[PDB]
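Spelled out from the first residue to the last, the chains are:
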Amino acid sequence: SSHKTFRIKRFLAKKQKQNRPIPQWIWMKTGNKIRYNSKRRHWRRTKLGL
Amino acid sequence: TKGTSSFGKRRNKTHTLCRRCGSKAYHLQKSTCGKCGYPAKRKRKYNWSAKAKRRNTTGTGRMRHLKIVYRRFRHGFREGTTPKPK
Amino acid sequence: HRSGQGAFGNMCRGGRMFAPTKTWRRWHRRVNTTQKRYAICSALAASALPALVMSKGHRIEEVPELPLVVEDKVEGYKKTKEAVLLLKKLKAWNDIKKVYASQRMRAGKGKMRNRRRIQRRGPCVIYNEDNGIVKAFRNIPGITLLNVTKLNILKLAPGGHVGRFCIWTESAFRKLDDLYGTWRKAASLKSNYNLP
Amino acid sequence: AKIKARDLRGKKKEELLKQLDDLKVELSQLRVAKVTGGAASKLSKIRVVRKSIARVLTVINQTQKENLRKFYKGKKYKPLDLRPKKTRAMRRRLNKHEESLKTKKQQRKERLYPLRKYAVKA
Amino acid sequence: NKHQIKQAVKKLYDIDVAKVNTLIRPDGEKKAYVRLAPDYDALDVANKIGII
RNA sequence: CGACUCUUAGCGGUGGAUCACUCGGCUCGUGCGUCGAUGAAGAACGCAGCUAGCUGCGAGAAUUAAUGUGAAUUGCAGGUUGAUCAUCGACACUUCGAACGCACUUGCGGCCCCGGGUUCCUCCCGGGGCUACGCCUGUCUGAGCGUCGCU
RNA sequence: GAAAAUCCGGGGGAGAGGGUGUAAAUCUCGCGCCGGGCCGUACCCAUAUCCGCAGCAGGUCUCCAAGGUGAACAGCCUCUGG
RNA sequence: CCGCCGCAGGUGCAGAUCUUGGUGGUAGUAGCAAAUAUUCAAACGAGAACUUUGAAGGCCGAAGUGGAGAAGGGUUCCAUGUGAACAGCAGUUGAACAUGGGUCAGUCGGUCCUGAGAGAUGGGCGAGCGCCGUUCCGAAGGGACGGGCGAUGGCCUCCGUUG
RNA sequence: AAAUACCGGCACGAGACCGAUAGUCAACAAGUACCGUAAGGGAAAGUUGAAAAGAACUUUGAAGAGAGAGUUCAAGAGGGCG
RNA sequence: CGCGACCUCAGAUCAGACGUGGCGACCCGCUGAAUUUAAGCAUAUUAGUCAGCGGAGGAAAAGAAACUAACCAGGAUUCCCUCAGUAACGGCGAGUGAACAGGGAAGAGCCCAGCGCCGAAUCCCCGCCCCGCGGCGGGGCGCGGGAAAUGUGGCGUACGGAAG
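Judging from the entry metadata, cryo-EM is the method by which this structure was determined, and 3.1 Å is the reported resolution.

Structure (structure tokens):
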């Protein structure tokens, strides 16, 4: 909710910084396996735990 | 009303994040972790789950100390000396 | 995806196999000590008769004469160039020139399981002493070295067929008269053994 | 500029603090340039300044300990940082001399009856 | 703290502070609104720190 | 007549079988047989010029030093007195964690020291060194109509 | 038909206060001075931001509450708002 | 990669409401029917039954489709774009997508108190992990108001400061 | 002490084994994504080519998607592509 | 009433140290089922097995006979071959089931207490200095403290031992 604990707000803060796509230059590398970010999570799709 | 309508009343949690093992199984009323038993000194682990063991053993995390013990073992745990400089 | 698939059973995707292969499978077969000698006496006997050695496949056509016995200064070799120029003179080199021409690739899963290259069995050089004969012959493809006291049936009869072209040394060839005896003298290098 | 450790290790104590904060300022002039979004050459520099602060603070932390175990060496007790961190079970073992302690009686049995170099005749 | 920042901005920029208002962003980092006392100028000291 | 439908072949889609590979397994053998209050295993959270995951790492944060190695790193920018890799013995190693000042809200204390406020002289702010229980040997201050002792 | 933190008044009179002042001890009076760290704060709150696999006719705790008709927070109609 | 001679086996599939993966007929079929209802003009645009703006006609009708919060959500907030996929027609449109930006406290909450209760220590039990019990079988107070010799800051003046 | 045990741990060698529906659950950002309040459950997913030479430039369309060209032995190998 | 020894207890953020937790394949101490089998089932069997609990180590444990035997005797423990699916147990049903001797791998023996003698002959810690030690050790130094006659050290342990 609006009423958060400091520990939970740092938990959410990590999950937002992990919910960005791959940089466009990453798959121009030599050992190129990654196409897109498979671990991208959406607020309707998956509910983050908690 | 036991099914779909009763799911609507699910707004107050029991388990929060445990703080030994990060595992969301720290029961708030009981104040004990269902995954590790936090207030207990001893890690909750059982032999009826050999799969739940390998999820949380020495081969799981970093071994941020236990890897530099393995690397320092092969030179007999030498301490203090430096390699002869130029 | 797994939730409600089908886990256990030989027919299920994932799952185990029917009768999972065990480490306590009876891997090894012990033979009678007597029958082991009666294979070698049957292997040495069929590698003089040159019909069976050609029927084995060994190129023996220019071997000048003999179940071939060489002088004892072939034990004294320390280089392969001494050992190659030996097999030129005894005219058994066409049996290694055959082995060179048999160095092809193996068929199938043997390649990815460290059995990549298959070649042919060449001449077998049985020796009394070692002053470097093994060092001198080992780099040549085809040649396998046997001590006379320790003759292997796997190296005297490769494939389970008989007549591997065996090259002998002089002091080696006379020790067979002691290891196995004759039909009236007993074996001196065996406790209780006569020829069958 | 190329900053090395060899020249820092033979310098005076107070100068390395001034050499440190002169880089702290220099690093904090580039963290501004990263956010403003100007001069691409002032971003490749920022890793040179980060790793060189790690040199200056190391040569500080190095020589501030080789001074401690120079003064505390001739003392029966020394701080836990200056004590040998061999494994916990290895620290609990007996001393080199405590293993050399045989009994007065085992210094009599091994005195009178030494294990003899002998042979036989076949 | 708001006290540590009140010296941090004072020590590194030779300036004084009226008050500090810190909020932790959704990113997880703290943002100090360092209100400067009016004996100094905020837009002029922005040239010193090198932001425009 | 056609259209519709069936059969067959060609080509084309659909689908991922087969076959060929294989920096992965499994099995067997060998040597070694080392964690932790000097803070383990684990967990959290951080850190790259552009980096989400994976590894690497710990405010010195894809690493510092040192020894070896002797010219790259590389997806793209940028700038031999040793680049870069391996090694690693020096240093460093934030937060929870047996987890250790008392509590899990990262909430509230104490004592000694230092520095700003000053020119010891308190509140205040920041920093630092200590503060967990069980026990062991010695120490210290005690307690008892315990046992006696001398007046 | 709650405790406890917390706060205040009282009853006592151990004490303290100065020696006729440049008065003292003392004050719950009127000004003055300095300080207040730490964490949460956006937005949805439900026929589309929650829980029911979903923009699911389900479920889910409250605050404000206009005019007319009327016994009326009934129903219907209208204003602000949507 | 294969023939021959030997050796070995996880060695031959149509079935098991077999297992996994894929694709058919049904079939362009059922369906996109709860709570009254939309029309006109213009704009942007390649493109309009749906978007935006004005003008109509309507509904909710203050126990509301209104304006706010708790729990839950965790960036869904707001702007700027594109409009592949998603939003069961569409789309210039969105809570989608991608770049960004955004939550400021002595006073509002949290912190603090205790409630039903939870739960250490002593103790008791216990093979043991532990468990019971919470004032009960405990030497359970580390605070002040008082008196001299010492002592430190200050003209050791005499208090703060110490034992 | 020694002979003895060792489906964990460190570093190794080997296989008449398995060859991506097999072999460990995991050959890949695998105890990952995801599900359950929790204990726990737990996947799918290898291959362009010798070298990106990864299809310049022209032209239809709003763009997707084409037609020419061009690289290559081959695109009858066109970014999940033997 | 007082000061003193002592015994039995407290308290300390007293000076030093030490335990906790993890891993857990193997190893030691407990605890301990039921599927199953007996064509049912209850004793048995599964099985002193899975699960639960504590504790280690590089291996653990065992171990130098209160042994085996009955011979013409062997001689710690451990493991391997065998005895042996044997003696024996058992609704004598199902099923369970050792040991000695022998042949090998290795092979290693020992220490107290008690009984006694030696002026406690013993031991830990602090201060002082000295070479010096990333296993705080050897030497000197103090009518320095403590442990200890409710027994420390030497000799000595069943194979005998002490003293002259």
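Turning to the interface of chain E and chain A, a few remarks are in order. Between chain E and chain A, the contact holds six residues from the first and five residues from the second. It is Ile24, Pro26 and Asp27 of chain E in chain E that bury the most area against chain A; as a group they hold 79% of the surface buried on that side. Where chain E packs against chain A, one counts one salt bridge. Between the two partners, chain E and chain A, sit three residue pairs in polar contact. Across the side of chain E that touches chain A, the residue classes break down as two nonpolar, one polar and three charged.

Residues and elements named next belong to chain A. As for its placement among the helices and strands, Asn37 is situated in the segment after α1 (6–17). Judged by relative accessible area, which is 22%, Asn37 ranks as partly exposed. As a C-alpha pair, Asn37 and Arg20 span 17 residues in sequence and 8.0 Å in three-dimensional space. The contacts of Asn37, once residues within four sequence positions are left out, are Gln18, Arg20, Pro21 and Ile22.

This part takes up helix α4 (residues 94–101) of chain C. Residues and elements named next belong to chain C. Among the residues making up α4, those that are buried are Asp95, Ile96 and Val99. Down the axis of α4, the buried set is contained in an arc of 95°. They therefore lie on one face. Those residues of α4 hidden inside the fold are in contact with α3 (80–89).

Attention now moves to the protein's contact with RNA strand F. Around RNA strand F sit 89 residues, and of these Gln18 of chain A, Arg19 and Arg62 of chain B, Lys111 of chain C together with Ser44 of chain D come closest. Taking the atoms of RNA strand F that fall within 4 Å of the protein, sugar and phosphate contribute 68% of them. Within the contact set of RNA strand F, a phosphate oxygen lies 2.8 Å away from a backbone nitrogen or oxygen of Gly61 of chain B. Broken down by secondary-structure element, the contributors of at least two residues to the surface near RNA strand F are α1 of chain A, α2 (66–73) of chain B, α3 (41–63) and α5 (88–91) of chain D together with α1 (2–13) of chain E. At 13 residues, the largest contribution of residues to the surface near RNA strand F is made by α3 of chain D. Considered class by class, the residues forming the surface near RNA strand F number 27 nonpolar, 27 polar and 35 charged.

What follows covers the protein's contact with RNA strand H. Among the 39 residues in the neighbourhood of RNA strand H, the closest are listed as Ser1 of chain A, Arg11 of chain B, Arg25 and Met105 of chain C together with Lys2 of chain E. Near-protein atoms of RNA strand H (within 4 Å) split between backbone and bases, with sugar and phosphate holding 62%. Within the side chain of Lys31 of chain E, a nitrogen or oxygen atom sits 2.7 Å from a phosphate oxygen of RNA strand H. Sorting the residues of the surface near RNA strand H by element identifies α1 of chain A, β2 (104–105) of chain C together with β1 (17–24) and β2 (30–36) of chain E as the ones contributing at least two each. Broken down by element, the residue count for the surface near RNA strand H peaks at three residues, all from β1 of chain E. Each residue belonging to the surface near RNA strand H can be placed in one class, and the counts come to 13 nonpolar, twelve polar and 14 charged.

What follows covers the sheet that holds strand β4 (residues 124–127) of chain C. Residues and elements named next belong to chain C. Spatially, four strands are ordered β1-β6-β4-β5 in an open sheet, and the strand pairing comes out parallel. The outermost strands of the open sheet, each flanked by one partner alone, are β1 (69–70) and β5 (144–147). In terms of strand pairing, β4 meets β5 through four bridges, oriented parallel. Residue pairing across strands places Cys124 opposite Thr144, the latter belonging to β5.

As a general feature of sheets, a regular strand has side chains that alternate between the two faces. Residues and elements named next belong to chain E. Pairing geometry for β1 and β2, over seven bridges, is antiparallel. Within the sheet, the bridge partner assigned to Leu23 lies in β2 and is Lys31. Between β1 and β2, which pair antiparallel in sequence order, lie five residues; one of them, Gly28, sits at a positive phi of approximately 110°.

So, on to the UniProt feature "zinc finger region: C4-type" in chain B. UniProt feature "zinc finger region: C4-type": in the numbering of this structure it lies at residues 18–36 of chain B. The distance from the first to the last C-alpha atom of residues 18–36 of chain B is 8 Å, and the span holds 0% helix and 21% strand.

Our next topic: the pattern of salt bridges. Under the defined criterion, the tally for this structure stands at eight salt bridges over all chains. With a closest N to O distance of 3.2 Å, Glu79 of chain B and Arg72 of chain B form a salt bridge. Its salt-bridge partner being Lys185 of chain C, residue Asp178 of chain C comes within 3.7 Å of it at the nearest N-O pair. With relative accessibility at 34%, the residue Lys185 of chain C sits in the partly exposed group.

All names here are of chain C. Here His58 is to be found in the loop between α2 (50–56) and β1. A polar contact of 3.1 Å, which involves the side chain of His58, links it to the side chain of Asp95. For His58, the contacting residues outside a window of four places in its chain are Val53, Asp95, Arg120, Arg121, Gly122, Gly163, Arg164 and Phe165.

A few words on the state of the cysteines. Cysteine pairs can be covalently joined through their sulfur atoms, and such a bond is termed a disulfide. The full count for this structure, using the stated rule, is zero disulfides over all chains. Its sulfur unpaired, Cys33 of chain B is 3.3 Å from the next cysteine sulfur, which belongs to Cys36 of chain B. When its relative accessible area of 5% is taken as the criterion, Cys33 of chain B is described as buried. Note on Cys166 of chain C: no disulfide assigned, nearest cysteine sulfur contributed by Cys124 of chain C at a separation of 4.9 Å.

How each quantity is defined
- Residues numbered from 1 in each chain as written, not as in the entry; some residues may be left out.
- Chains lettered and ligands numbered in written order.
- Part of a larger assembly, values for the part shown.
- Heavy atoms only, no water.
- Contact = heavy atoms within 4.5 Å.
- Buried area = accessible area lost by both parts, 1.4 Å probe.
- Salt bridge = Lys/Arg side-chain N within 4 Å of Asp/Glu carboxyl O.
- Polar contact = N/O pair within 3.5 Å; in protein donor to acceptor, adjacent residues only side chain to side chain.
- Nonpolar A, V, L, I, M, F, W, Y, C, P; charged D, E, K, R; others polar.
- Helix = DSSP H or I, 4+ residues; strand = E, 2+ residues; numbered from the N terminus.
- Buried < 20%, exposed > 50% of the residue type's maximum accessible area, 1.4 Å probe, protein only.
- Arc of directions from axis to C-beta.
- Near = heavy atom within 4 Å.
- Pairing = 2+ DSSP bridges.
- UniProt positions renumbered as here; feature names shortened; annotations may be inferred.
- Disulfide = S-S within 2.5 Å.

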